[PDB]
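When reading the values below, keep in mind they use all heavy atoms of this one structure, side chains included, and skip hydrogens, waters and symmetry mates. Along the sequence shown, residues are numbered consecutively beginning with 1. Start at 1 and go down the list; that is how both ligands and their atoms are numbered.
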Amino acid sequence: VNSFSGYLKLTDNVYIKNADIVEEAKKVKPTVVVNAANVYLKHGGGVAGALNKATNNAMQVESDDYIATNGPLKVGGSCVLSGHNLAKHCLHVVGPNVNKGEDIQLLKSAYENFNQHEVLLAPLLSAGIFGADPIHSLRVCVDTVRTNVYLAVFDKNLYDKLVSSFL
Ligand SMILES: OC[C@H](Cc1ccc(O)cc1)Nc1ncnc2[nH]ccc12
Ligand SMILES: [Cl-]
């Protein structure tokens with residue numbers, strides 16, 4: 001039993017809700033919140049911009065030190081950093097950004113990072129401003145993640161479309 005509330009159960013391990021991931025993380029304080037990151041951990045917009053803003057830019061400060069030490073992530077890769085005031089940890093995961101011409105096949109690799117964590121609050125990878133089809137991203141999430149994932153979707157029309165189209 002966990003403290004995630006109001007989710008629709010899609011499969012044995014995947015749950016979905018129309019919600020703002022920032023407001024969800026503040027309420028639940030999950031062990032892990034997933035950020036929709038880029039390789040440079042530059043948290044400018046989308047989920048990344050919103051999560052970083054909620055940390056008062058502490059996420060960005062920590063991320064800049066991470067990059068200065070380690071260099072960029074790989075597309076499909078991840079790193080674990082602090083969750084600041086939002087969660088215990090933030091798993092920064094880089095899905096392919098179709099608006100950069102990146103290979104959508106790497107979306108499965110991106111979701112594989114979730115399997116290293118027993119429970120996660122997460123967005124749909126490569127959705128929103130990353131330019132991928134969210135229906136496909138959900139398909140890949142369900143077919144790749146085996147640990148317990150709570151997917152937040154703030155856009156209602158999208159959420160309703162995702163539920164109503166789910167196979
Ligand atoms: O897949 C990630 C989606 C993409 C998206 C953006 C705009 C839309 O209208 C529909 C989808 N972004 C988010 N998902 C959950 N919480 C969020 N908080 C801030 C952004 C954000
Ligand atoms: Cl977005």
Please determine whether residues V75 and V98 belong to a single hydrophobic cluster, defined as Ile, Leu, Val, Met, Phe, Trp and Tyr linked transitively by side-chain heavy-atom distances below 4.5 Å.
no
Is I21 in polar range of ligand 1, meaning some N or O pair under 3.5 Å apart?
yes
Ligand-residue contact atoms, ligand 1 with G128, heavy atoms, under 4.0 Å
1 (O), 4 (C), 5 (C), 6 (C)
In a check of side chain to side chain donor-acceptor pair (under 3.5 Å) between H43 and each of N35, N38, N52, which one passes?
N35
For ligand 1, which atoms have a heavy atom of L124 less than 4.0 angstrom away?
1 (O), 2 (C)
Could you identify the single nearest non-hydrogen protein atom to atom 13 (C) of ligand 1 and state the distance to 0.1 Å?
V47 CG2, 3.1 Å
Taking the non-hydrogen atoms of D20, is any one of them nearer than 4.0 angstrom to ligand 1?
yes
Suppose we measure from atom 6 (C) of ligand 1 to each protein heavy atom; which comes out shortest, and what is that distance?
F154 CE2, 3.5 Å
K27/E24 salt bridge by N-O under 4.0 Å criterion
no
For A152, take its heavy atoms, then give the atoms of ligand 1 lying under 4.0 Å from any of them.
14 (N), 15 (C)
Which atoms from ligand 1 have a heavy atom of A127 less than 4.0 Å away?
1 (O), 4 (C)
Is it the case that one hydrophobic cluster holds both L10 and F4, taking links as side-chain heavy atoms less than 4.5 Å apart, direct or via other members?
no
Path from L91 to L124 over hydrophobic side-chain contacts below 4.5 Å
yes
According to the interplanar angle, ranging from 0 to 90°, do the rings of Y150 and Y7 count as parallel (below 30°), tilted (30 to 60°) or perpendicular (above 60°)?
perpendicular
Closer than 4.0 angstrom: is that true for some heavy atom of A36 and an atom of ligand 1?
no
Got a donor-acceptor contact below 3.5 angstrom from the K9 side chain to the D12 backbone?
yes
Please list, in number order, the atoms of ligand 1 under 4.0 Å from a heavy atom of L158.
10 (C), 11 (C)
Would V145 and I135 show up in the same hydrophobic cluster when neighbours are defined by side-chain heavy atoms closer than 4.5 Å?
yes
Which of these, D155, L121, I129, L125, has its nearest heavy atom closest to atom 8 (C) of ligand 1?
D155
